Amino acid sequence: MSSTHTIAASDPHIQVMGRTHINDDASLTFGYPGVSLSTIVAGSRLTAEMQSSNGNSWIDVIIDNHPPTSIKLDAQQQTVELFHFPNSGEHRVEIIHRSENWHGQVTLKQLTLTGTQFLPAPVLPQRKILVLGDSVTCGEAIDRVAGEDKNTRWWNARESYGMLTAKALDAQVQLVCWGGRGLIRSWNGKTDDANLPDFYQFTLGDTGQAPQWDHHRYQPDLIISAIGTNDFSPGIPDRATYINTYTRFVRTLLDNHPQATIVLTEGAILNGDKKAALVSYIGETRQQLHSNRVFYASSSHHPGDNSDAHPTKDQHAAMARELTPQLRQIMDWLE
């Protein structure tokens, strides 16, 4: 007999890495980039019911070891074919959110397998990393192509330095980042957007009605904070103000994640005086913290290219190569 088997997105057969909101109909909604949902199945066809809030969100779909397929999701619910073969076999399926919150939020409602069964969920690594930051952490402009107007297709989470670093360290990762945002102000000088200490609390979104992320749902071994580019965009911010708020934020992290090691870094975009100032502010933050759980990693500036100052795909690869060795020493993950 031919049979189908449909499960909700929130079902134990679907592995989830990254922040998701569980809706009352057992669908999952997510906004941060890098959110990864995976399943292993025995069958010939697998489809998903998906939608995005603004029709401006992208995902990657990876079947077994094949090249990924990037798909832009319509604002209306649509059946998305993940794979289809003439015969049944065992297949691994991964969906990766490429977009970030301002692009919209994506919802996966349910999956339908034509075949025999969903197998046990893919097993994730034991090690867990959380990366906090701005659009560089979010993977903005990694997939740029010369000649195109920037659009939401340019974002790539899998090839961002945070995901490459986690992969090298055999670790899970959550990316909690928002383009244009800072620790205390946005690139445009505005101080009353949700800053990093605000959106760090949200499962997705950033309005008065954004759902609170329960930290018990992901307790990282390592937290990297790479925030700062946008705080320095208008000019170098006031030293006491910045250091006092960075200190207060890392105190929140330390208290929320009692087992975590925290690594602060200025990121790749700032250069020259602005870079040196943020490095300085980080050193003084650490001095005020007096914590044997808080460390620093140095990094190079990467200039982007003629089309966009955001670091390129090859620069993100370089960034992971520079950061990873320092993280091994800090975490004793000499692996």
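Don't overthink the numbering: it's just position in the shown sequence, from 1.
Query raised in the report: Going by the B-factors listed in the PDB entry, is the mean over the C-alpha atoms higher for 104-112 or for 211-219?
Result: Mean B over CA atoms: larger for 211-219.
**Report entry** Between 248-256 and 174-182 (mean CA B-factor, as deposited), the higher
**Finding:** According to the entry, 248-256 carries the higher average C-alpha B-factor.
Query raised in the report: Of the options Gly228, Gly139, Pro197, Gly147, which has the highest CA B factor as deposited?
Result: In this record, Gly147 carries the highest C-alpha B-factor of the candidates.
Query raised in the report: Out of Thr39, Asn54, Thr69, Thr29, which one has a C-alpha B factor higher than all the others in the entry?
Result: Within the set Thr39, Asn54, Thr69, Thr29, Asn54 shows the top C-alpha B-factor.
Query raised in the report: When the modelled residues of the chain are sorted by Cα temperature factor, does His91 land in the lowest, middle or highest third?
Result: Middle third - that is where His91 ends up once the chain's C-alpha B-factors are sorted.
Report task. Using the B-factors in the PDB entry, rank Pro303's C-alpha atom against the chain and give the third, lowest, middle or highest. Result -> It belongs to the highest third of the chain when residues are ordered by C-alpha B-factor.
Report task. Quick one: classify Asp192 as lowest, middle or highest third of the chain based on its Cα B-factor. Result -> Highest third of the chain for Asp192's C-alpha B-factor.
Report task. Taking the chain's C-alpha temperature factors as the reference, tell me which third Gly272 falls into: lowest, middle or highest. Result -> Within its chain, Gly272 is a highest-third residue by C-alpha B-factor, going by the deposited values.
Query - Chain thirds of CA B-factor: placement of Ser2 - result: As the PDB entry reports it, the C-alpha B-factor of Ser2 lands in the highest third of its chain.
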